[PDB]
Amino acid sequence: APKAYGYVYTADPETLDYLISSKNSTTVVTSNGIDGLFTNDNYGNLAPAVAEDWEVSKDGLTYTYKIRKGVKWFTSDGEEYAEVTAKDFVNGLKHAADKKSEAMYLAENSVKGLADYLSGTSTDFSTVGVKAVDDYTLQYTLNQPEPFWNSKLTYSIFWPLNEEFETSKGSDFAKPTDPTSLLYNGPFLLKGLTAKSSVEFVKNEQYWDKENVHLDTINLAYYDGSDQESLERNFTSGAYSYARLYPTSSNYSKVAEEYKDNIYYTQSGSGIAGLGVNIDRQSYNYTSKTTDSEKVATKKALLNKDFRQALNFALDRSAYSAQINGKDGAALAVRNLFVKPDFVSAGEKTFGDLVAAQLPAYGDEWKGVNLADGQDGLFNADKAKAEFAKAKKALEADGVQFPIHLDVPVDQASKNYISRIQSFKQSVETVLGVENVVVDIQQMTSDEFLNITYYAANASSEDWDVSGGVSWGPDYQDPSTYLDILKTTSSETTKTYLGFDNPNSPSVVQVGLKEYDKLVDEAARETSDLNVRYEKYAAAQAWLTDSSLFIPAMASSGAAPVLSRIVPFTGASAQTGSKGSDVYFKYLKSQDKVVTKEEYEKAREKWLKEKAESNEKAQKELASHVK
C-alpha cells in the first residue's frame, strides 16, 4: 500500500522526553506525534499548528499566540486524554528548565527571567516570561527582539507537555521503549518501540489537520549500516517508500542500470558533518598508544593550531565523500564551513562571502579561499605540509616525539563509516607522512561507539583524539544556532565536538576559545541590523575556520543519489528545527510507481518558482501580525 510509509532509523532513542533531549534520535520517534505552535509547509514557510494566530508587539519583545481550540492529547491507543491548552506550553518550558534540557542554549538568554529560574536565583516559574493568559492565549516575553524567534517554535524544546499526564507517569515518563509513556497531539500516534528493531506510528484519525495527512502507518526498521544494500533491496520489494543509494555498493551497477530513469540527487542539507578535535582528552580505553609519552605528545599536538590546520588541509574531502557517494557525485556533498555558506545572506553577500572577506587577516594562506559547497576549497597538500612544518618545529622544541598517534573510533557495523575514516587516515598519512602522523582506527561495537560519541555522558567519556561520529543540524534560523554551541560555556555540545566540558580548562584557554566567545557574544548583541549581525557572526566563523578545532567535511544529509515513491515536493521543507520531512511526515504524499528523474527535476524547477513567491508573500504578511 502506498499509504504505508516504510524506511529506517539508525539509533534507538535514549529518552522520549523531547523537551530535554538534543539528539535527533528523540526527534525521530516524537516529531510525528507532538506538534508545537508551528510546522513548516512544503515551501518552508511557518504554518499554523497548535497556534491558529499570533501577534507581536511593536517593540518586538512580547509574542502572543492564540491556541487552536479542540486539539486533543491522545494515548498511543487513540484514547482522548485532555485538551491541548496554553498551560501545556507553560509546563513544557518549566519541565525543560527543571530537568535541565540539553537544548537550553536557545531559550535561556531569550525568554525573560528564564536564566534566573534555571540557576535557582529566582524560585517561582511565574517570574519567567511564558504565560497562559487564558486557556487559549499563550504569551512569551523576550529579553531582546529576535526576528528568528518564531522559527525556534518548530524545535522540540518549545513543544507542549500535559502536566497531569507527566505527573501521573512519575519516573516512568518518556521511557524509550514505552509508547504509552507519552501523549500525542500530532498527525500520528507513536504505537511501537522495539530496541534494535522498529519504530511504529499510526495515523491520528482525530487530528484537527488530518486532511493534510496522507499516510495511514509509519514503520522505521533499525539500520546499523552493516548491510547498506538493504535500503534499495527493501525499496524494490515494496517494503520501503524511499532508498538512499551507495554507489560503492558491490551491486550498484545493476541498481544503476535497473533504475537509470529513477535515480536523482537531493540538495545538500543544512547540517555539518566533519571531524572534531579532542583538545582535552581524559580517558584511553580505546587507544593504540602504549606509553604516557605518546599520550602527552598527542595532547600537545592537538593544542597546536598549525598541527590542526595541517590535518584540515590534508583531508581530501572529495575522496572522503566518495566513500559513500562514489567518485562521480562526491563533490556535491563537500562543505568547507561549519555554517552552511548560504544559510543567511547580507544583501548580495552570502554568509560564506562575509567569512571569506575576514579570514585573510589570519593569514595569506586564506587569500582566495573558496568556501562554497560542492567543491573542496580547503584541501591543499602544499599548505598542509607547510603548516605541519611549523608545528613540527614548535613541538620538537617542547620535547615531543613523533609520529603523532591519533585515535579515531569507528562503529565496526557501519562499513561506509569505516571507509570514510580509512580515507581520512590515508589522506593524513599520504600528505604528512606516517613518519609524522599515524591515524589509529579503533574498531568497536555499535554500543561502545555510541557511548563515547553520540551518547557520551561527559567529556571524560569522549575516548578519542579525532572523531567524525556526530554531526550538528541547525535548530532555528540564525547563525547563533551553529556558533553558540562551540562557546567555552556550552558544555552540552563542547564535549561532543571538542572533547571538553570545563569552560575554564587550561586546554580551552590555550587554544584561544575565550576570544571566540567574545566574537560570538558581540554578534549576539546586534539585534538592530541583521546585516551587521551576520557580518559579526562571520567574524566568529572566520576565527573557527582558522582555528581548525573542527574539520568540516560534508553536508550531513542530502547531496545523495536516491530512489523514491514520495510525490516530489509534497513534504515539509525545513532548513532548521524538528518539523522537516526527514522526521515529520505531514503533507507528504506517496504514489504507486517509482519517481522518475525527469519527474523530480520538473517538479523541482516548478517548486523553486512557487517557493520564491510563497516565501515573499509570507514575509510581506509579517507586518500584519505587529499589534
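Throughout, we count residues from 1 along the sequence that is shown.
Averaged over Cα atoms, the B-factor as recorded in the entry is higher for 400 to 408 than for the other of 400 to 408 and 491 to 499. In this crystal structure, the stretch out of 186 to 194 and 162 to 170 whose C-alpha atoms carry the higher mean B factor is 162 to 170. Based on the entry's C-alpha B-factors, the most elevated value among 387, 116, 178, 440 belongs to 116.
Per the deposited coordinates, the residue with the largest Cα temperature factor out of 219, 278, 527, 547 is 527. Per the PDB record, residue ranking by Cα B-factor puts residue 108 in the middle third of the chain. Among all modelled residues in its chain, residue 582 ranks in the middle third by Cα B-factor. Per-chain ranking of the deposited C-alpha B factor places residue 39 in the middle third.
For residue 324, the recorded CA temperature factor ranks within the highest third of the chain's modelled residues. For residue 360, the recorded CA B-factor ranks within the lowest third of the chain. Only modelled residues enter the ranking.
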